[PDB]
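Peer 1: Here you go, data11.txt (compact mmCIF, C-alpha atoms):
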```txt
# COMPACT_ATOMS: atom_id res chain seq x y z
CA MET A 1 113.19 112.23 162.72
CA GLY A 2 113.80 115.76 161.50
CA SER A 3 110.66 117.55 160.34
CA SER A 4 110.64 120.94 158.61
CA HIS A 5 107.61 123.16 158.06
CA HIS A 6 109.60 125.51 155.82
CA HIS A 7 107.55 125.78 152.64
CA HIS A 8 108.77 128.09 149.90
CA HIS A 9 108.92 125.45 147.17
CA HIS A 10 105.85 124.57 145.13
CA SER A 11 104.42 121.11 144.52
CA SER A 12 104.20 119.29 141.17
CA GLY A 13 106.86 119.49 138.47
CA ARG A 14 107.99 115.98 139.29
CA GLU A 15 107.33 113.11 136.90
CA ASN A 16 108.95 109.68 137.01
CA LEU A 17 107.48 106.55 135.46
CA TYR A 18 107.67 103.65 137.90
CA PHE A 19 106.26 100.16 137.28
CA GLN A 20 106.07 99.20 133.60
CA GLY A 21 103.14 96.86 134.00
CA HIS A 22 102.98 93.10 134.38
CA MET A 23 100.91 90.26 135.87
CA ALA A 24 97.88 91.66 134.06
CA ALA A 25 95.82 90.90 130.96
CA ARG A 26 97.55 91.73 127.68
CA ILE A 27 95.55 94.40 125.89
CA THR A 28 96.53 94.42 122.20
CA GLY A 29 100.27 94.42 122.90
CA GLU A 30 101.91 97.47 121.34
CA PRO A 31 99.10 99.45 119.67
CA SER A 32 101.37 100.42 116.80
CA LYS A 33 100.86 101.41 113.17
CA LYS A 34 99.85 99.31 110.15
CA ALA A 35 97.39 97.38 112.32
CA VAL A 36 94.95 95.33 110.24
CA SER A 37 91.61 97.10 109.95
CA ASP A 38 88.58 94.81 110.15
CA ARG A 39 86.40 97.52 108.58
CA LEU A 40 87.47 96.29 105.14
CA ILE A 41 86.36 92.73 105.86
CA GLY A 42 83.25 91.85 103.91
CA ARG A 43 83.95 94.23 101.05
CA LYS A 44 85.16 93.85 97.47
CA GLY A 45 88.78 93.75 96.46
CA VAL A 46 90.65 93.50 93.18
CA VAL A 47 93.29 90.94 92.22
CA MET A 48 96.62 92.50 91.27
CA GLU A 49 98.72 89.34 91.45
CA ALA A 50 97.66 85.81 90.47
CA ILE A 51 96.36 83.87 93.47
CA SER A 52 96.95 80.15 93.89
CA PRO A 53 96.21 77.60 96.65
CA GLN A 54 99.94 76.89 96.94
CA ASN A 55 101.06 80.52 97.14
CA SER A 56 98.94 83.52 98.10
CA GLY A 57 98.55 86.40 95.70
CA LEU A 58 98.13 90.16 95.99
CA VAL A 59 94.83 91.98 96.23
CA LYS A 60 94.24 95.70 96.56
CA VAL A 61 91.75 96.31 99.36
CA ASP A 62 90.75 99.97 99.56
CA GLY A 63 94.25 101.23 98.87
CA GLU A 64 96.44 98.63 100.53
CA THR A 65 98.08 95.64 98.88
CA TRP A 66 97.38 92.53 100.95
CA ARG A 67 98.37 88.90 100.60
CA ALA A 68 95.30 86.87 99.77
CA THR A 69 94.67 83.16 99.53
CA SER A 70 91.87 81.17 97.95
CA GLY A 71 90.86 77.62 97.08
CA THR A 72 90.78 78.41 93.38
CA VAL A 73 93.23 80.01 90.94
CA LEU A 74 92.47 83.71 90.55
CA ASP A 75 93.84 85.82 87.71
CA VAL A 76 94.65 89.53 87.62
CA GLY A 77 91.87 92.06 87.16
CA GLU A 78 89.33 89.89 88.93
CA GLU A 79 87.09 90.97 91.76
CA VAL A 80 87.12 89.12 95.07
CA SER A 81 85.26 89.32 98.35
CA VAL A 82 87.30 89.31 101.55
CA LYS A 83 85.58 86.85 103.85
CA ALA A 84 88.05 86.50 106.73
CA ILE A 85 91.62 86.92 107.95
CA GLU A 86 93.81 83.83 108.35
CA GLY A 87 96.64 85.78 109.91
CA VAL A 88 98.94 87.91 107.80
CA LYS A 89 96.95 86.78 104.79
CA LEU A 90 93.34 87.36 103.78
CA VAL A 91 90.77 84.74 102.89
CA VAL A 92 89.16 85.81 99.64
CA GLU A 93 86.99 84.24 96.97
CA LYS A 94 86.16 85.46 93.51
CA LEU A 95 82.91 87.11 92.52
CA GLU A 96 80.80 84.86 90.32
CA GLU A 97 79.80 85.65 86.74
CA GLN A 98 76.59 84.61 85.00
CA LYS A 99 76.36 83.04 81.55
CA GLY A 100 73.16 84.42 80.06
CA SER A 101 73.32 82.49 76.81
```
If you took the structure in this file and wrote it as structure tokens, what would it be?

Peer 2:
Amino acid sequence: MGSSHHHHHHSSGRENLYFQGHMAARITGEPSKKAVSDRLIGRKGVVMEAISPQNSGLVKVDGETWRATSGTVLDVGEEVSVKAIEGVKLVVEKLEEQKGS
């Protein structure tokens, strides 16, 4: 009980974030920075660090240095194609030469 029709105050100007959000489908989960861009998948990259099957190397895709793995041993200065992403590493294979001799 009570009730007051005295209105001299204005509405709005009140913000307060209730309910974080749970029991729903996880969308992305923290859309933060440095998120892997799939737009560079299927393009050429260059080998900056020697790549081995035991330890991934470093390739420069666009302008970013990524860890890259391969089934063969890749030396520096080579050109590779990024086929897929295995996680925090990229799946790359080396461009093929041609012996016209």

Peer 1: Each residue of segment 2-53 of chain A lying at most 8 Å from segment 61-69 of chain A should get a row with its shortest atom-to-atom pair and the distance in Å to one decimal, counting all atoms listed in the file; could you produce that, ordered by chain and increasing number, as a Markdown table?

Peer 2:
```
| residue | atom | partner | partner_atom | distance |
| --- | --- | --- | --- | --- |
| A:40 | CA | A:61 | CA | 7.2 |
| A:44 | CA | A:61 | CA | 7.3 |
| A:45 | CA | A:61 | CA | 4.9 |
| A:46 | CA | A:61 | CA | 6.9 |
| A:51 | CA | A:69 | CA | 6.3 |
| A:52 | CA | A:69 | CA | 6.8 |
| A:53 | CA | A:69 | CA | 6.4 |
```

Peer 1: Skip residue 96 of chain A itself and residues of its chain fewer than 3 positions away, then list as a ChimeraX atom specification all residues within 12 Å of it, counting all atoms listed in the file.

Peer 2: /A:74,78-81,93,99

Peer 1: Find the residue from A:42, A:100, A:13, A:71 that sits nearest to residue 84 of chain A; use only C-alpha atoms when measuring.

Peer 2: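 Checking each candidate against residue 84 of chain A, we get A:42 as the closest.
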
Peer 1: Would you kindly return, as a short mmCIF file (atom, residue, chain, number, x, y, z; two decimals) with C-alpha atoms, keeping the file's coordinate frame, each protein, DNA or RNA residue with an atom no farther than 6 Å from any atom of residue 82 of chain A, considering all atoms listed in the file and excluding same-chain residues fewer than 6 positions away?

Peer 2:
```cif
data_model
loop_
_atom_site.label_atom_id
_atom_site.label_comp_id
_atom_site.auth_asym_id
_atom_site.auth_seq_id
_atom_site.Cartn_x
_atom_site.Cartn_y
_atom_site.Cartn_z
CA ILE A 41 86.36 92.73 105.86
CA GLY A 42 83.25 91.85 103.91
CA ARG A 43 83.95 94.23 101.05
CA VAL A 91 90.77 84.74 102.89
CA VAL A 92 89.16 85.81 99.64
#
```

Peer 1: Please identify all polymer residues within 6 Å of residue 47 of chain A, counting all atoms listed in the file, omitting same-chain residues fewer than 2 positions from it, and present them as number ranges by chain.

Peer 2: A: 49, 59, 76-78

Peer 1: Residues as selected, C-alpha atoms, written as a PDB file, in the frame of the given file, can you do that?

Peer 2:
```pdb
ATOM      1  CA  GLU A  49      98.720  89.340  91.450  1.00  0.00           C
ATOM      2  CA  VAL A  59      94.830  91.980  96.230  1.00  0.00           C
ATOM      3  CA  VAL A  76      94.650  89.530  87.620  1.00  0.00           C
ATOM      4  CA  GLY A  77      91.870  92.060  87.160  1.00  0.00           C
ATOM      5  CA  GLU A  78      89.330  89.890  88.930  1.00  0.00           C
TER       6      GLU A  78
END
```

Peer 1: Nearest residue to residue 56 of chain A out of A:94, A:27, A:38, A:88, using all atoms listed in the file?

Peer 2: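 The answer is A:88, which sits nearest to residue 56 of chain A.
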
Peer 1: Only C-alpha atoms, as a tab-separated table (two decimals), in the first residue's frame: that is what I want for chain A.

Peer 2:
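Output (selection.tsv):
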```
chain	number	residue	atom	x	y	z
A	1	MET	CA	0.00	0.00	0.00
A	2	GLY	CA	0.95	3.64	-0.35
A	3	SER	CA	0.56	5.01	-3.88
A	4	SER	CA	1.74	8.44	-4.98
A	5	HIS	CA	0.80	10.21	-8.21
A	6	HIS	CA	3.36	12.95	-7.60
A	7	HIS	CA	5.41	13.10	-10.78
A	8	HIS	CA	8.13	15.71	-11.06
A	9	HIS	CA	10.97	13.29	-11.74
A	10	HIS	CA	11.71	12.07	-15.25
A	11	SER	CA	12.09	8.47	-16.40
A	12	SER	CA	15.25	6.83	-17.76
A	13	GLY	CA	18.75	7.58	-16.49
A	14	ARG	CA	18.84	4.24	-14.72
A	15	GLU	CA	21.08	1.45	-15.97
A	16	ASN	CA	22.02	-1.70	-14.06
A	17	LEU	CA	23.20	-4.93	-15.67
A	18	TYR	CA	21.37	-7.89	-14.17
A	19	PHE	CA	21.77	-11.52	-15.30
A	20	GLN	CA	25.15	-12.28	-16.86
A	21	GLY	CA	23.90	-15.06	-19.09
A	22	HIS	CA	23.91	-18.82	-18.65
A	23	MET	CA	22.05	-22.02	-19.59
A	24	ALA	CA	22.34	-20.98	-23.23
A	25	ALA	CA	24.42	-21.88	-26.28
A	26	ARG	CA	28.01	-20.61	-26.15
A	27	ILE	CA	28.54	-18.17	-29.00
A	28	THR	CA	32.29	-17.80	-29.62
A	29	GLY	CA	33.13	-17.27	-25.95
A	30	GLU	CA	34.86	-13.93	-25.44
A	31	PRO	CA	35.05	-12.30	-28.90
A	32	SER	CA	38.46	-10.84	-28.13
A	33	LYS	CA	41.44	-9.74	-30.19
A	34	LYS	CA	44.03	-11.79	-32.10
A	35	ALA	CA	41.30	-14.19	-33.22
A	36	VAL	CA	42.45	-16.45	-36.05
A	37	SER	CA	41.19	-15.20	-39.39
A	38	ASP	CA	40.06	-17.93	-41.79
A	39	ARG	CA	40.32	-15.49	-44.71
A	40	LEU	CA	44.02	-16.35	-45.01
A	41	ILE	CA	43.32	-20.07	-45.31
A	42	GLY	CA	43.96	-21.29	-48.82
A	43	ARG	CA	46.58	-18.68	-49.64
A	44	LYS	CA	50.36	-18.66	-49.96
A	45	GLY	CA	52.73	-18.16	-47.09
A	46	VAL	CA	56.48	-17.95	-46.71
A	47	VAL	CA	58.70	-20.02	-44.42
A	48	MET	CA	60.71	-17.93	-41.97
A	49	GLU	CA	61.74	-20.74	-39.63
A	50	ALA	CA	62.61	-24.33	-40.59
A	51	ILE	CA	59.58	-26.61	-40.31
A	52	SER	CA	59.85	-30.22	-39.18
A	53	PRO	CA	57.32	-33.01	-38.43
A	54	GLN	CA	58.62	-33.16	-34.85
A	55	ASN	CA	58.47	-29.42	-34.18
A	56	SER	CA	56.42	-26.83	-36.04
A	57	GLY	CA	58.13	-23.91	-37.71
A	58	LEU	CA	57.28	-20.28	-38.40
A	59	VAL	CA	55.55	-18.99	-41.50
A	60	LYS	CA	54.58	-15.43	-42.33
A	61	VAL	CA	50.98	-15.36	-43.50
A	62	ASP	CA	49.99	-11.90	-44.75
A	63	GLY	CA	51.87	-10.10	-42.01
A	64	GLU	CA	51.52	-12.43	-39.04
A	65	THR	CA	54.00	-15.04	-37.89
A	66	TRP	CA	52.19	-18.33	-37.32
A	67	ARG	CA	53.32	-21.74	-36.16
A	68	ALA	CA	53.08	-24.16	-39.04
A	69	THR	CA	53.46	-27.90	-39.28
A	70	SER	CA	54.02	-30.21	-42.24
A	71	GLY	CA	54.81	-33.81	-43.10
A	72	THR	CA	58.06	-32.83	-44.78
A	73	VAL	CA	61.07	-30.75	-43.74
A	74	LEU	CA	60.71	-27.19	-45.01
A	75	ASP	CA	63.60	-24.74	-45.18
A	76	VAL	CA	63.59	-20.95	-44.90
A	77	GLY	CA	62.61	-18.85	-47.89
A	78	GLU	CA	60.25	-21.47	-49.22
A	79	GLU	CA	56.65	-20.90	-50.22
A	80	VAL	CA	53.86	-22.91	-48.63
A	81	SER	CA	50.11	-23.17	-49.00
A	82	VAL	CA	48.01	-23.05	-45.84
A	83	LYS	CA	45.51	-25.88	-46.17
A	84	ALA	CA	43.90	-26.01	-42.72
A	85	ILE	CA	44.17	-25.13	-39.03
A	86	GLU	CA	45.02	-27.87	-36.54
A	87	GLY	CA	44.49	-25.61	-33.55
A	88	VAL	CA	47.09	-23.05	-32.58
A	89	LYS	CA	49.17	-24.29	-35.49
A	90	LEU	CA	48.59	-24.20	-39.23
A	91	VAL	CA	48.68	-27.13	-41.62
A	92	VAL	CA	50.88	-26.13	-44.53
A	93	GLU	CA	52.62	-27.85	-47.41
A	94	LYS	CA	55.31	-26.57	-49.72
A	95	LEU	CA	54.73	-25.38	-53.25
A	96	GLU	CA	56.15	-27.80	-55.81
A	97	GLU	CA	58.92	-26.96	-58.27
A	98	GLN	CA	59.36	-28.37	-61.76
A	99	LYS	CA	62.59	-29.76	-63.20
A	100	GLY	CA	62.51	-28.80	-66.86
A	101	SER	CA	65.76	-30.49	-67.83
```
